[PDB]
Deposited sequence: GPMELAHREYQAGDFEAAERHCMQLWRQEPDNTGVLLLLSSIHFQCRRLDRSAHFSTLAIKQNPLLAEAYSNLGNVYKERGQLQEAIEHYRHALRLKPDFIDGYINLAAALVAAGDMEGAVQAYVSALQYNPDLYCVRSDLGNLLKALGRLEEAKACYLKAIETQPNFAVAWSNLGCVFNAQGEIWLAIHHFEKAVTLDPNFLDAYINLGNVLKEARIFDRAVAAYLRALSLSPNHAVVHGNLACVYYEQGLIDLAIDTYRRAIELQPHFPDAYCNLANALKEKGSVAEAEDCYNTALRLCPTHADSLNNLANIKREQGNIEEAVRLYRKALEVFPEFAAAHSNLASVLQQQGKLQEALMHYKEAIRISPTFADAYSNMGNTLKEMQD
């Protein structure tokens, strides 16, 4: 019947001819469930949820064993942010039909949105069980795993996804991030480079690639990548602050001062960006306009806590503070404890002169 025309207009995005043909039909065969189904679906592609859940309900009132109809209702519920009800409907529709892949996917979605990470992954495994070719779902699953700390399991979904669809940059980039978190630098670089080689316009691939080469200390390469990132997104505030950093390490204290600032303009929040500029100013030869920058950053927030025990409680292994705190504790009869603090400070920062110099005195004030 017009089911042909309907399915046509609907395929052609021409949602109005669709809805027309449908009502026509429905008014002749009030039982055509696939129609009340199509309708529901249509009013959904038109943000018209109420009319969507309405026809979904008509479908059920004509046949309570339609897995799809409870899915559709589940979809109208998820958007209205009504997660419990979305889930409740997805689970039923899956009871009526255990091989309904779309339901498993919708449900995973609502589940994660609702907090249940474990359920979500159980749904993806089911989904993948029935259709191991959905490489995107593999990936999404891999993400949830990574999100939960199961990197090796994540590493597997990604590899499997790549295996299922060799040409799929997202995968490699995600797989590259797993390796990075694992300290497997050369591997991260390899995947990122591969991600990028696959989709040149892959912004984040370029940012991540630059970040690893940065950490690896391979600056020229680290740069070439950051630049290529900025060309794809001239406004990325963080990239600047990082690119600048590679410039300051490379030995261009000037361009750092230049680029560090511009970064701030992009987002006057970057605290690290200010203090980094302060240290860059000290080298340039301007201690005065360096300290203000230090304050500026410092003033913006107590986040870093540089502004002792509390700063220590915040910053683990902050040699500087371990030295400061130790001095006071030492010039207070509590040398024995300061000694342990300096010791720790010197264990943190091998080249902390004042620390060996302070401890030598503390250990000498213990003999007296």
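Residues 308-327 of the deposited sequence are the only ones with no C-alpha coordinates in the structure.
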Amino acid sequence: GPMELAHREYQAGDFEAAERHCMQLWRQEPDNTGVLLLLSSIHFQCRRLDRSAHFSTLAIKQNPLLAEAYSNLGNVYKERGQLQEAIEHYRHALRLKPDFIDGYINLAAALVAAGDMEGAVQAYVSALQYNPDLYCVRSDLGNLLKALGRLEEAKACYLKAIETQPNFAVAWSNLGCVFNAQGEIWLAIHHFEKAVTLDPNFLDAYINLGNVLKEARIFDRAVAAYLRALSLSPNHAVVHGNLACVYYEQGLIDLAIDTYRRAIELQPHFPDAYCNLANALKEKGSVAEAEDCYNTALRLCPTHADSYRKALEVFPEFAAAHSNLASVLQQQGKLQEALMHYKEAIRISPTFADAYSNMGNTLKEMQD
From here on, numbers count along this sequence of modelled residues.
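Of the two segments, 143-151 and 232-240, the one listed with the higher mean B-factor is 232-240 (C-alpha atoms only). For the segment pair 353-361 and 11-19, the entry gives 353-361 the higher mean B-factor, averaged over Cα atoms. Of the candidates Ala320, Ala67, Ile42, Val35, the PDB record gives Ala320 the highest C-alpha temperature factor. The PDB entry assigns its highest CA temperature factor, among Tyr260, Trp172, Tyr104, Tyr226, to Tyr260. Ranked by C-alpha B-factor against the other modelled residues of its chain, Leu213 falls in the lowest third.
Among the modelled residues of its chain, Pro268 has a C-alpha B-factor that falls in the highest third, as given in the PDB entry.
Per-chain ranking of the deposited C-alpha B factor places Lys194 in the lowest third. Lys284 sits in the highest third of its chain by CA B factor, as recorded in the PDB entry. Among the modelled residues of its chain, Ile162 has a C-alpha B-factor that falls in the lowest third according to the deposited record.
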